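A.B. asks: coordinates only, sequence not included:
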C-alpha cells in the first residue's frame, strides 16, 4: 500500500542480538588491561628479598632450596644430634 | 441509340422515385420511407448501445485517496513491525 521502511530500524535493534551481549562484555574487558607488561612489580623487597630473586622467584624452581635446607641440618651437627638427642 | 436511351429513360422512371427522388415506390407494396430514414436511422445505434456509449457518458473518473492521512497509528506500528522483521532479517 506504500513504501515499507525497515532499512533504518537498528537504533533499537542493536540490543537484543547475541553479538551485542558479547560486544558489551569484551569492550569492558579491554580498556583497563595493562598495555605492555606494565606494573609487573619485578622488584620484590620483603624480608629475605635476595631469596625472592634467586630461587623463590621460580625461574630455577629446582632442588637447591631443599639442598640449602639439608646443609642447614649438616651445619647443626653439634647442636641437635650432638650435645643433645 | 434508342434501346439504351429508353432503358436510360427507364432508370429515370422506376428508380427515379426510389432514391433519385422521394416519391416512395410504385412497384413495391411495402413502403420505402419508414424503413431506412426513421427506423434504420437509429439502426446503427440499434446495433450498438444507446444513451450510454453513443451519448458516450463522459464520466468523471472516480477519485482515489491516500492512506486516509493517518500515519501515527500505522507508521509506528510499521516501525514496531520493522523491529520484528529486522530481528528476523
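C.D. replies: Here it is on my side, so go on. Numbers count the residues shown, from 1 in each chain, chains lettered A, B, ... in the order given.

A.B. asks: Can you name the residue of chain B nearest chain A?
C.D. replies: The minimum distance from chain B to chain A, using C-beta to the nearest C-beta, falls at residue B:82 (3.9 Å). Placement of C-beta: from N, CA and C, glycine included.

A.B. asks: Specify the local secondary structure of the closest residue to residue A:4 other than its chain neighbours.
C.D. replies: Leaving aside its sequence neighbours, residue A:4 sits nearest to residue B:78 (C-beta to C-beta, 6 or more residues apart in numbering or on different chains; 6.9 Å). For residue B:78, the assignment made with DSSP: H, G, I helix; E, B strand; the rest coil gives helix.

A.B. asks: circling back to that earlier point, what strand or helix carries the residue of chain B closest to chain A?
C.D. replies: helix B:72-88 (DSSP states H and E).

A.B. asks: Kindly report the same for residue A:70.
C.D. replies: Counting by DSSP H and E, the element that carries residue A:70 is helix A:64-75.

A.B. asks: Any buried residues in that helix, and which?
C.D. replies: Across helix A:64-75, burial judged by 16 or more other C-beta atoms under 10 Å in any protein chain shown covers no residue at all.

A.B. asks: and that helix, how far out from the chain's middle?
C.D. replies: 30 Å (C-alpha atoms, centre = their mean, to the nearest Å).

A.B. asks: which residues touch that helix?
C.D. replies: Here helix A:64-75 makes contact (C-beta atoms under 8 Å, 6 or more residues apart in numbering or on different chains) with A:55-56, A:80.
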